[PDB]
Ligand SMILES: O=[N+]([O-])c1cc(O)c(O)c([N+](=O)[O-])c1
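Before any questions on binding or motion, here is one chain by itself as structure tokens, the form deposited without the ligand.
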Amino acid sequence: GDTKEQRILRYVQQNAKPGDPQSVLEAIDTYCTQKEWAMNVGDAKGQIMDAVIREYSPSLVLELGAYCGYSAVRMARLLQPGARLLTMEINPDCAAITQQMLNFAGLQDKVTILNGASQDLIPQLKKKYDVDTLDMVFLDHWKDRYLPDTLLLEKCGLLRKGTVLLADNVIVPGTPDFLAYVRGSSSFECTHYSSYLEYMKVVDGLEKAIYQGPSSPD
């Protein structure tokens, strides 16, 4: 049958208002709530995401995992003129839906969808995409890659003192190794935010981990 993804875009195109990102977000959440797709209702985590963007005003954000574009719309709508969101998405069909979602929102010029695996694309950011360092990273892709890709971002020199990592679903289904690393490391200052998931009626969470610069070479 029809994929969740194509149905979410259909619902937006039929119910939301073009060039009104808030209406796009609300339509996605309304539809996903009706379908009882707990991991696709974004308003609770969105409150936390919005507060991060508003506080830190990042000029260059990297997102890992786009899906249908909800979080890309959520973040891009709060970015300044001339700021940039890069979003990495391994599934071309999801990249395609995300692109269409952004076009409907009117936010396509602020976002570049990078089609590929994070582990393959991250080492290309410096030279192929002319990145210095990222201001913010939103981790929302394959859970077992949160820690490896954080280490990869570090090694490739893409983090600076002050870079804000924000990781979703750190409790459900969980990213315990990622949490133990950033919480235990002097290179990250961490804050935890509770975020409810409907139907499962569980308190998931997001972790904010602000990079402090590398550990001493000695």
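In case it trips you up, residue 1 is the first one in the sequence shown, and so on.
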Exercise for review: With reference to the PDB entry, specify whether the mean Cα temperature factor is higher for 114-122 or for 76-84.
Suggested key: 76-84
Review point. 125-133 versus 98-106: which one carries the higher mean Cα B factor per the record?
Key: 125-133
**Study point:** Out of 169, 163, 150, 33, residue topping the C-alpha B-factor column of the entry
**Key:** 33
Review point. Against its chain's modelled residues, does residue 70's Cα B factor rank lowest, middle or highest third?
Key: lowest
Review point. So where's residue 60 on the chain's Cα temperature factor ranking, which third?
Key: lowest
Review point. Relative to the other modelled residues in the chain, which third contains the C-alpha temperature factor of residue 52: lowest, middle or highest?
Key: middle
Exercise for review: Could you tell me which third, lowest, middle or highest, the C-alpha B-factor of residue 44 occupies within its chain?
Suggested key: highest
Check your understanding: Mind checking which third residue 27 falls in for C-alpha B-factor across the chain?
Key -> middle
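Form deposited with the ligand bound: not shown, discussed below.
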Study note, to complete from the structure: Testing 142-150, 103-111, 77-85, 124-132 against the ligand in the deposited bound form with a 4.5 Å heavy atom criterion leaves exactly one stretch, namely 142-150
Review point. Which listed residue (27, 39, 53, 158) meets the criterion of a heavy atom within 4.5 Å of the ligand in the deposited bound form?
Key: 39
**Study point:** Option touching the ligand, based on a heavy atom within 4.5 Å in the deposited bound form, out of 210, 16, 197, 9
**Key:** 197
Point to revise | the ligand contact at residue 187 in the deposited bound form, heavy atom, 4.5 Å | key: no
Point to revise | Within 4.5 Å of the ligand in the deposited bound form: residues from 166-198 (heavy atom criterion) | key: 168, 169, 173, 197
